[PDB]
Amino acid sequence: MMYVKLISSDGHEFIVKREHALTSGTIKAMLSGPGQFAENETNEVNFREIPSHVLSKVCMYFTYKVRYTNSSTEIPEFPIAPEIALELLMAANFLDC
Amino acid sequence: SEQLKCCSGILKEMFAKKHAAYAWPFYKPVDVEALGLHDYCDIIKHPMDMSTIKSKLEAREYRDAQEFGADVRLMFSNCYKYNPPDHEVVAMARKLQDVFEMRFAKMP
Amino acid sequence: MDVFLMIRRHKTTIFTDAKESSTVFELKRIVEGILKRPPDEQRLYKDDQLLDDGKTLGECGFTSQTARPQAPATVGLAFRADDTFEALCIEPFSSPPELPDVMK
Amino acid sequence: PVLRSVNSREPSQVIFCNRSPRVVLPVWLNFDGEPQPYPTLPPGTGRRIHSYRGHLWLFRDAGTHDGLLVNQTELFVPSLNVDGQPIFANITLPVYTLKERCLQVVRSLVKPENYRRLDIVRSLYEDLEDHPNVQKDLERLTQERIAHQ
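So the protein sequences, as listed, match chains C, A, B and D.
Count along the first sequence starting at 1, add 15, and that's the number in the authors' numbering.
Count along the second sequence starting at 1, add 350, and that's the number in the authors' numbering.
So in the authors' numbering, spot 33 of the third sequence is number 33, and the numbers just go up one at a time.
Count along the fourth sequence starting at 1, add 60, and that's the number in the authors' numbering.
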């Protein structure tokens with residue numbers, strides 16, 4: 016289990032499983048090599064725009080997604096407070112997940 | 351007991367594959383939940399089906415052949431009663447009753 | 001089943017999972033793997049309360065129902081340096097803005 | 061249409077079981093392939109259903125028309141009961157993308173005429189306005205089906 020660091024705009028460090036982080040298409044690309052040559056594969060990703068309350072919530076989604084996707088065991092609702100809905104939607108859009 | 355064996359033969363015919371295209375709604379008891387009928391058991395005071403009749407036969411519960419016929423005719427009457435005359439299941443009921451009445455008539 | 005955790009010290013937050021039957025020690029072992037700091041230099045807390053190395057996470061109050069993937073439970077973290085443990089300090093996440101009017 | 065019930069007229073005992081937190085609308089595609097709504101199932105409830113072999117079902121949030129799963133997939137068609145054993149349909153949430161899920165929540169909080177008064181990228185307004193649609197889902201599903209042939 017490789018981990019990666021996701022840094023929020025306010026300097027918060029989130030360390031998550033690489034396979035979890037790969038849920039994001041945007042992150043998958045940023046970690047994976049330049050184009051088609053899988054080399055100088057990095058280990059940190061910085062988000063100048065996303066704050067901590069949103070990137071933490073995004074990481075919870077990656078856990079939820081891995082755990083519950085292709086799962087025979089009944090699936091619960093992914094909860095979203097009204098207060099983060101708008102920002103989380105913009106992140107999700109940016110992250111392709 | 352001679353004639354009760356004949357009643358068993360009639361039911362056997364009603365269960366046959368040839369009559370299945372119209373006989374299947376009466377094979378088993380009415381499932382009101384499956385069929386979504388809030389009012390069936392209020393309107394139909396004494397339900398009946400072919401399976402129930404078969405089991406009553408095996409329990410020698412029919413005194414004579416007339417009592418067997420009354421439950422077969424009850425099964426049909428209940429269908430005619432609950433449904434409108436133009437309903438599809440009414441047509442199927444009449445088509446099976448055709449079979450029943452013919453066999454029941456030829457009983458020595 | 002599994003329990004799902006945020007292990008948090010200062011501005012660091014780790015998303016990892018473990019079983020109810022796992023002990024606090026193993027969780028320190030997971031942290032060692034990630035942050036390169038041995039279980040002896042580590043202190044784990046549920047809110048205020050310090051966690052015995054021996055106790056299972058279930059015993060500490062972490063359940064599948066209290067520690068879900070979509071809503072993980074928080075474990076506090078303190079390192080030792082100059083051979084004594086720092087105070088537990090977790091920097092809070094940023095606040096969301098006040099709710100826009102068309103969303104009320 | 062590819063996506064329609066077969067008029068087999070062979071009965072099939074079915075259990076609808078709603079292991080979603082949503083109120084479920086079962087949808088029957090008829091012989092012409094037009095969706096027919098059936099009575100809703102509250103969350104956590106189930107009931108026995110008289111359907112037929114070859115008959116095509118899908119399931120939605122009754123309020124929002126959000127798409128749901130049945131036995132881990134989108135459509136449900138029952139085989140003949142094997143020696144009269146009922147066929148189970150386990151209805152659940154899918155694992156929505158975070159994007160789709162956020163769209164759901166914002167839709168639930170904002171009148172459609174106010175979407176464009178939210179401080180967000182122009183592209184997301186279109187995404188918000190693009191409501192889940194049973195008819196749109198059927199065209200998407202029909203093309204997918206034609207690609208297996």
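Built from N, CA and C at the ideal position, the CB exists for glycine as well.
Interface flag, residue i vs chain C, CB-CB below 9 Å
| i | result |
| --- | --- |
| D/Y156 | yes |
| D/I180 | yes |
| B/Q70 | yes |
| D/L116 | no |
| D/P81 | yes |
| residue 270 of chain D | Past the boundaries of the shown model lies residue 270 of chain D; chain D is included only from 61 to 209, so the question cannot be answered. |
| D/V166 | yes |
| B/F15 | yes |
| B/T66 | no |
Per-residue DSSP class, three states only, for residue i
| i | result |
| --- | --- |
| C/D25 | coil |
| B/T16 | strand |
| D/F76 | strand |
| A/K445 | helix |
| A/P397 | coil |
| D/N90 | coil |
| B/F93 | coil |
| B/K55 | coil |
| D/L101 | strand |
| B/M6 | strand |
| A/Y372 | helix |
| C/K32 | strand |
| C/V19 | strand |
| B/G33 | helix |
| D/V130 | strand |
| A/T402 | helix |
| B/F85 | strand |
The beta strand (DSSP E) enclosing residue i, as first and last residue numbers
| i | result |
| --- | --- |
| B/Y45 | 42 to 46 |
| C/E59 | 59 to 61 |
| D/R120 | 116 to 121 |
| A/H388 | Counting along the chain, A/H388 falls outside any beta strand (DSSP E), and DSSP gives it neither H nor E. |
| D/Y112 | 106 to 112 |
| B/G76 | 73 to 81 |
| D/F136 | From DSSP, D/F136 is part of no beta strand (DSSP E); its letter is neither H nor E. |
| D/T152 | 147 to 152 |
Buried/exposed call for residue i, threshold 16 Cβ in 10 Å
| i | result |
| --- | --- |
| C/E102 | buried |
| C/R63 | exposed |
| A/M400 | buried |
| D/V74 | buried |
| C/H27 | buried |
| D/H115 | buried |
| C/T57 | exposed |
| A/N428 | buried |
| B/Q42 | buried |
| B/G33 | exposed |
Cutoff 9 Å: residue i Cβ touching any chain A Cβ
| i | result |
| --- | --- |
| D/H125 | no |
Any C-beta of chain D under 9 Å from that of residue i
| i | result |
| --- | --- |
| C/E92 | yes |
| A/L385 | yes |
| C/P97 | yes |
| B/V31 | no |
| C/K80 | yes |
| C/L37 | no |
| A/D414 | no |
| B/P96 | no |
| B/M103 | yes |
Residue-chain proximity (residue i, chain B), Cβ-Cβ < 9 Å
| i | result |
| --- | --- |
| D/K159 | no |
| C/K32 | yes |
| C/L101 | yes |
| C/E64 | no |
| C/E89 | no |
| D/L163 | no |
| C/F29 | yes |
Bounding residues of the alpha helix (DSSP H) (the contiguous stretch that carries residue i)
| i | result |
| --- | --- |
| C/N108 | 97 to 110 |
| residue 5 of chain C | For chain C, the structure presents residues 16 to 112; residue 5 of chain C sits outside this window and is missing. |
| D/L198 | 194 to 206 |
| C/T78 | 67 to 83 |
| A/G359 | 352 to 364 |
| A/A420 | 415 to 432 |
| D/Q164 | 158 to 169 |
| D/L184 | 182 to 189 |
heavy atom of the ligand SAM below 8 Å from residue i C-beta
| i | result |
| --- | --- |
| C/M105 | With respect to the ligand SAM, the structure shown offers nothing to examine, as it has no ligands at all. |
Assess contact between the region 46 to 60 of chain B and the region 438 to 449 of chain A, defined as three or more Cβ pairs (one per stretch) separated by less than 8 Å. Is contact present?
Touching, no, given that fewer than three Cβ pairs across the two stretches are closer than 8 Å.
Check whether the region 84 to 94 of chain B and the region 143 to 162 of chain D are in contact - that is, three or more C-beta pairs closer than 8 Å.
Output reads no: the region 143 to 162 of chain D does not touch the region 84 to 94 of chain B.
Evaluate the contact criterion for the region 385 to 400 of chain A versus the region 86 to 101 of chain C: three or more CB pairs, one atom per stretch, below 8 Å.
Touching, no, given that fewer than three Cβ pairs across the two stretches are closer than 8 Å.
Do the region 72 to 86 of chain B and the region 84 to 95 of chain C touch if we need at least three Cβ pairs shorter than 8 Å?
With the cut-off at 8 Å, the region 72 to 86 of chain B and the region 84 to 95 of chain C do not touch.
Segment contact, 8 Å Cβ cut-off, at least three pairs: the region 355 to 363 of chain A with the region 165 to 175 of chain D:
In short, these stretches do not touch, since the Cβ pair count stays below three.
Closer than 8 Å is the cut-off here; do at least three beta carbon pairs connect the region 127 to 144 of chain D with the region 171 to 186 of chain D?
Contact between the region 127 to 144 of chain D and the region 171 to 186 of chain D is absent, because fewer than three Cβ pairs lie under 8 Å.
Is the number of C-beta pairs between the region 121 to 131 of chain D and the region 192 to 202 of chain D that are closer than 8 Å three or more?
Output reads yes: the region 192 to 202 of chain D touches the region 121 to 131 of chain D.
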